[PDB]
Amino acid sequence: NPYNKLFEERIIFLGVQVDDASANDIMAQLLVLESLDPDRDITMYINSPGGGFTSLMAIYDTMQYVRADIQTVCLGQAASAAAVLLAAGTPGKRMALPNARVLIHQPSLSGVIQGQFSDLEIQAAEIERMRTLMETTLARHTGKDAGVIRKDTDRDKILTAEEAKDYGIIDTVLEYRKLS
Amino acid sequence: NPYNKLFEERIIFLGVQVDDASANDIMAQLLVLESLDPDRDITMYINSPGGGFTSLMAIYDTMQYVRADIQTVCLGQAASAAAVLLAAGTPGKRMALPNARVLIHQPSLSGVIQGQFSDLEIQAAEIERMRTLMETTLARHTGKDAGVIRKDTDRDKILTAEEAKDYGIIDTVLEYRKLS
Amino acid sequence: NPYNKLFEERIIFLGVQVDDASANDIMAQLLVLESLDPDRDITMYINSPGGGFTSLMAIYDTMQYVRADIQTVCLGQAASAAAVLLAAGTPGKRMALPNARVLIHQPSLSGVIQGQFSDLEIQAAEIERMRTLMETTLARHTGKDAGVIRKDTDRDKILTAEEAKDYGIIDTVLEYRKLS
Amino acid sequence: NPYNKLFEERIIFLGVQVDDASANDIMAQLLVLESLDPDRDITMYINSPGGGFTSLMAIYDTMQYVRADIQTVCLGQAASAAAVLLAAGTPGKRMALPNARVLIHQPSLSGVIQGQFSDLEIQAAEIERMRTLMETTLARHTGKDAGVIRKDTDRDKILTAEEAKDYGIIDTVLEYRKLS
Amino acid sequence: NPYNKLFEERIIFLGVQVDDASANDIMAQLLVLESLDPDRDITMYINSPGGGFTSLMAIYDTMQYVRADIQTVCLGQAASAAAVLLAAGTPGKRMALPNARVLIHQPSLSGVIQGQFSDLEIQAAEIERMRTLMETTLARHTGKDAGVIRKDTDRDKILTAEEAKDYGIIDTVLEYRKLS
Amino acid sequence: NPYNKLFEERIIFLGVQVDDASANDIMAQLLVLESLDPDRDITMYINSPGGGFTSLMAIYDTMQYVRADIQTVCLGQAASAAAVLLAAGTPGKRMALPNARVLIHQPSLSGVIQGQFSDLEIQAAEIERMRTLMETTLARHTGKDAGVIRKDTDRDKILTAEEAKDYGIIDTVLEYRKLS
Amino acid sequence: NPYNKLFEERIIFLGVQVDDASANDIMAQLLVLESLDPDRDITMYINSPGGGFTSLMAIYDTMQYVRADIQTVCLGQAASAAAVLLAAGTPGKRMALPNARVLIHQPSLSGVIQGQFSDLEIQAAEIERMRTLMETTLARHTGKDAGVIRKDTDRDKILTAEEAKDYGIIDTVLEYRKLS
Amino acid sequence: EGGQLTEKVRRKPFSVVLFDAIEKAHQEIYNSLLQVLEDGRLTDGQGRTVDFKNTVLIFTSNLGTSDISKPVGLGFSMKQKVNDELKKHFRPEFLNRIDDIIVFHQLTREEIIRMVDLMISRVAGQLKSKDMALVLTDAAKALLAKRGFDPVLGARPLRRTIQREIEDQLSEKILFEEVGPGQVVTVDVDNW
Ligand SMILES: CC(C)C[C@H](NC(=O)[C@H](Cc1ccccc1)NC(=O)c1cnccn1)B(O)O
Ligand SMILES: CC(C)C[C@H](NC(=O)[C@H](Cc1ccccc1)NC(=O)c1cnccn1)B(O)O
Ligand SMILES: CC(C)C[C@H](NC(=O)[C@H](Cc1ccccc1)NC(=O)c1cnccn1)B(O)O
Ligand SMILES: CC(C)C[C@H](NC(=O)[C@H](Cc1ccccc1)NC(=O)c1cnccn1)B(O)O
Ligand SMILES: CC(C)C[C@H](NC(=O)[C@H](Cc1ccccc1)NC(=O)c1cnccn1)B(O)O
Ligand SMILES: CC(C)C[C@H](NC(=O)[C@H](Cc1ccccc1)NC(=O)c1cnccn1)B(O)O
Ligand SMILES: CC(C)C[C@H](NC(=O)[C@H](Cc1ccccc1)NC(=O)c1cnccn1)B(O)O
């Protein structure tokens, strides 16, 4: 079973939309591979369209918690929450495939949430500290000034893997091994 | 199977929306780990958006019933009922990841319930004693005056884990272990 | 598997909405635990929102049929039929967690049923003998006069576990084993 | 698994709405228990809301076909087709729990079926011989005159188990065995 | 498992609506029981509401193909295609339970199919040769003149099992065996 | 399991609507039976309503690719794609049951596809070369002139198995083998 | 199980719509077959309608990453992403069945995405670099000038396998092996 | 061979049988070992009464490796961890006939250097047979405790640490030909 043999070789496969249930699976997998061998590097494969900030920071804190280095590899897409998880790998071990896409953009409410203006001053203060935390996280891991990331994630910033390396999202664009 | 290996290492994973079926699973898991070793600490991982008051107080009473200490760890979110379950851990063992979110707010009727005004004076007296019980519970576990919590949970009070420690929801913000 | 280990330790877990399929599971479980050891007490955990009268009286008669004493424990909710099943435990063995809710109310048609007035005089005579049977059942098990219960279940009567003890629904509010 | 242990102890559990698929399961179970021991009594537990006439007469003929006596036990509800299956047990072995409900009523088209009047003279001749067959079946098993049952099943006739014994639907109201 | 023990005792259970997937299962079962013992009689239990003509003639040709005699037993219903499959058993081995219903009626388009009149002259020539083939099949197996069956299946012809014997659909109404 | 025992005796069962997933299963089955014994004849049972042209030509090319002869047997229906797959068997081994239906008709767009007229000149040139390829394929396997098939598949041409033999779709109408 | 025996013989079966979940399965399968034998050729069967560009470039980069040569075989359809994955095989090992269809067309937004014009200048710059990357990829693998492919994939360019060989999508049209 | 318990335990009724790594075995293996905890007798495949009557049977399982595997676990953060691993892995029919369950703890550094003292004195008797003398120092003994111990396997490869780190360099004496009447050698490798 190919997902088991990834996990037996210490590869957590993100794969899907980052929601609660996807975040719950990875934190279960980050801690088991922490307990199996805390000194051997966990690899995290990311092909996710992102989504979720509390699901982001659940995966983010757990992959920062564990003793093992997290090797983040972007496969075809790391958008929103997933590009932050892509930068969340340990320095020197953040990888991307050459035609992978890194999409960084400020947090967004999917759909309108109603309420009184006192309720909405708090839901707006929440997405503002969701925004600053997304930028403070992405500044620790890209080496930028977090106001630069606010200017850059003002809109959808699609990064090619070669220019996600220059941005600091990843550290290495993966070279091919076709023995041919 | 990573949820089995959490449960074999005495970790109950809340994970989903607190409803009846989620509450039914945890009380089944709180009592089995009570029967396996009542002197060894049950750990409860919380990534829940909350919901449900009778499902809250089903999980709450069961994790207060068992002989084992409950180590509550907030992963990315403890909104609504889940933040009460997060405070429901034993003192000194209430943990949160650094970018976890604690959201405390008064009980709310999801959707309108119709009825005569005599029916609605009782559904309002119910959510009032749902509100006082949410505040009396959260005052036993945070050390606040329960009128302070009424002022604080008047609206949605989002707590960062560092200021959920100051509020008394959790006792320790979890430090990272990456060998680094 | 935590529901198996409840059932191996003779704990029937009600958990969900009392309908036909939930009633069918419990009667299958009440009679197996009757056949495994008819002199050892079956424990029934109740976290149900109720519903169903023929599903109520299917569970009710079966837990009254079996040789084993039924220990009813209310977890977070015993509403409508489930509060009748909560009183249906043997005297001295009806328990509730301290923040469990007991909700007793007269039977109700969920949704309108159409028909001729001769058809509706019978559907109203049915819910009237559903009402008297709910009150005659709850008077055998609470020690009240069954006209008192008609006055009390005229509307939704929410009972806290300490005042479901005074009402006679339960016999013991469960004390904790961790003092927090 | 509690439904397996019912079936290993020769108890067919009706449980759900009598439709084709429910009728198909019971006839599969009536004939297997016929082949396992044709001289040992099959017990049929009935908690069904009824429905279906060809599904009724599929279950009815099969439980009349087999060499084994059918012990019909009404749990909380034996409505329509299920009350006919409840009377379909062998004489002396038709049981009901004390608060079980027996609901006998004439066959009915669920929803309108359209067609020409020649098509509808046949669909009405069908439900008329559905009606006479329901009354001829219920007269063989209750000892009534089949015109008495036509007068009685003119509307919905709810029978309590004590007055389903007097009607002839069941033969014994089950006494409780709580050793107390 | 009661459907396996039917099939191990060479009983194919039709049971459901004759569609493609139901026809595909029976032809898989008719040929396996042909290969297990081609000289031992396959029994076909029919409780079907019919439907499908190409699914009919898939089951029909396969149960006519195999070396084994097909014992068709009508349980509670054989309608449309299923009554043709009921007559499709070998002569002398076509059985019906006493309150089983046999419903023969001409083929019908479920729902309107649109098209040009040249398209509809062919869809009408198709259901006409569906109609003649249904009558030619049912005349080989009932011994009628196939114009008699056209007069009889002009509308829905419900046959009781005693008058499906007189019609030639079945050969024996099954007598009961309850030792009683 | 009757589909396994078909496949163990080298019988691929088409059965359902020819779509991608049905075509994917058969090509997986055509090549495994090619690898198990490439000199022993694969039998293909066809009860399909057709559909799909790229799914047709996926099954068609694979059953033409393999070393094994494909014995196509039409059960009750071979419409559209299925009838082309029915003719796709090896000559002398194309069989049909006597009341099987062969329906040949030109390719058709299920539902409207929108677009600019330059987009629609290509979707019409596609279904034109879908049409010529359906006729060129069906002329290699029926021995007709491919303009004759264009005249014949102008509308829905339903073939009885005896006149699908005369058309060249099949080579043998299967005679019955009931020992009778 | 025929998909297992494809994978045990190192055949990855694309089969379905290229989306995230289909891309996630193939990259799991491309790397396992890389780890089982990196010097033995992986075969990729393509019957896909395409879709997805980040799912394309996830499969594309992984099949370019692995040490094993990828033998791409088009079965009945290689449309959109699939046709790029079909050209993504190693030179000399790109195969197609004779009636397989290769459909190359520029990237397209399925459905409208809303937003401000600054948001839409970026979603249009994205599909423009999706378009150039689709053409730069398909020029490395077909030997064309990437402006020729822009002229050719301006609309839907359906290629027959014999003229997908001339286009450079595949290298060999597969000859049949039916011993005949 | 196999069925050799005749030549062992009814040859020696007073014996000690050690079952190393019993958690690796199959269930059916110790279903035949349920006899010898109840009765004290065993039926051989050649039909012998192999008495385990006076034999101290000792089973062995490193069912504990969690803390062993670094001071981290499966959580977000000893003796009873490996006790409930026996209950998880084995059948309670097998465990309760056993007299006492003995659990070992991680060795303190003061506990390891006494084992170093016991085992450096084992080779020291073979040195004064040739009138050589390893002049003992405690600085080298602390480094043997660091190198010859890990919390997965430790105090078993301590003796290979002695022969690789001491006895390799004491062969360098006669490589440069030091015999004499006796050479008072003192060795100390660098600090880690
Ligand atoms: C860049 C990081 C912060 C993640 C981004 N945030 C979001 O917009 C998503 C939006 C979303 C996704 C799925 C379901 C519900 C809501 N993350 C959130 O949960 C969210 C919620 N409120 C405000 C901001 N973000 B991205 O859009 O995923
Ligand atoms: C700490 C908790 C009590 C605060 C919040 N509670 C609620 O708003 C929840 C949300 C909810 C769930 C089901 C049905 C209706 C409403 N309130 C209740 O549990 C509830 C249930 N019935 C009546 C009144 N309130 B949160 O959503 O959990
Ligand atoms: C107190 C006992 C009698 C149970 C109560 N009676 C009922 O209204 C329930 C109906 C119900 C309620 C909620 C969800 C689903 C079904 N019991 C019945 O089946 C019922 C049916 N007809 C009339 C009255 N009650 B309670 O509302 O469940
Ligand atoms: C008392 C016995 C006869 C059972 C009763 N029979 C019925 O009313 C049932 C209800 C029903 C079920 C399915 C479809 C249409 C109608 N009657 C029938 O089975 C039925 C089916 N087709 C035509 C006419 N009546 B009861 O309502 O279940
Ligand atoms: C009596 C035998 C011939 C079968 C009877 N005939 C029918 O009414 C059935 C009902 C039906 C099923 C599927 C799709 C459309 C219509 N007629 C057909 O089999 C049928 C199928 N396709 C076209 C035309 N008629 B039965 O199914 O009612
Ligand atoms: C005999 C050969 C041509 C198969 C024929 N199939 C088609 O016409 C099918 C059309 C279809 C059928 C069912 C569901 C969806 C699409 N061929 C196609 O896949 C197709 C696809 N795009 C354009 C045109 N046809 B059959 O319907 O005649
Ligand atoms: C060759 C590659 C581009 C695959 C092509 N697939 C597409 O057209 C797909 C269809 C699609 C899906 C989701 C959202 C928007 C569009 N294109 C994309 O993957 C895509 C995704 N986001 C923006 C723009 N295009 B195929 O249809 O040509």
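Here is the naming used below: chain letters follow the sequence lines, and residue numbers restart at 1 for every chain.
- In the displayed structure, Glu163(E) atom CD is contacted under 6.0 Å by more than 12 heavy atoms of other residues, nucleotides or ligands.
- When heavy atoms are compared at a cutoff of 4.5 Å, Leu31(E) approaches chain F solely by way of its side chain, counted from C-beta outward.
- If you measure heavy-atom distances from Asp25(E) to chain F, the contacts under 4.5 Å come from both the backbone and the side chain.
- A salt bridge is absent between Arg177(F) and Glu34(E): the closest approach of a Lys/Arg side-chain nitrogen to an acidic carboxylate oxygen does not fall below 4.0 angstrom.
- Options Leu103(F), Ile11(F), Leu6(F), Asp156(F) differ in how many heavy-atom pairs under 4.5 Å they form with chain E, and the most are formed by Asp156(F).
- Under a cut-off of 6.0 angstrom, the local environment of CD in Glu128(F) is crowded, with over 12 non-hydrogen atoms contributed by other residues, nucleotides or ligands.
- Atom OH in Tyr65(E) sits 6.0 Å away from atom CG in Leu174(F) (nearest 0.5 Å).
- Both the backbone and the side chain of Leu97(F) come within less than 4.5 Å of a heavy atom in chain E.
- Contact between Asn99(F) and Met57(E) at its shortest, heavy atoms only, is O-CB, 3.7 Å.
- Within the 4.5 angstrom heavy-atom criterion, no atom of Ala125(E) approaches chain F.
- For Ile70(E), the part lying near chain F is the side chain, with the backbone staying farther off; criterion is any non-hydrogen pair under 4.5 Å.
- Only the side chain of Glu126(E) comes within contact range of chain F, with at least one heavy atom under 4.5 Å from a heavy atom of that chain.
- For a residue to count as touching a neighbouring chain, one of its non-hydrogen atoms must lie under 4.5 Å from one of that chain's; by this rule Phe53(E) does not touch chain F.
- Among residues 104-123 of chain F, no residue has any heavy atom closer than 4.5 Å to a heavy atom of chain E.
- With contacts defined as side-chain heavy-atom distances shorter than 4.5 Å, the pair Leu36(E)/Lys5(F) qualifies.
- Neither the backbone nor the side chain of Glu9(F) comes within contact range of chain E; no heavy atoms are under 4.5 Å apart.
- Across all non-hydrogen atoms, the minimal contact from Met27(E) to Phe13(F) is CE-CZ, 3.8 Å.
- With a 6.0 Å radius and a threshold of 12 heavy atoms from other residues, nucleotides or ligands, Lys151(F) has its NZ atom at or below the threshold.
- Between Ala100(F) and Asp61(E), the closest heavy-atom pair is N-OD2, 3.7 Å.
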Does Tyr45(F) form a side chain to side chain contact (heavy atoms under 4.5 Å, CB included) with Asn24(E)? I'd like the steps, not just the answer. CA-CA 10 Å; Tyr45(F) 288 173; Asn24(E) 299 134; over 6 Å; no
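- Interface remark: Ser48(F) contributes no atoms to any contact with chain E (heavy atom separation under 4.5 Å).
- Residues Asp20(E) and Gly15(F) approach most closely at CB-O, 4.3 Å, considering heavy atoms.
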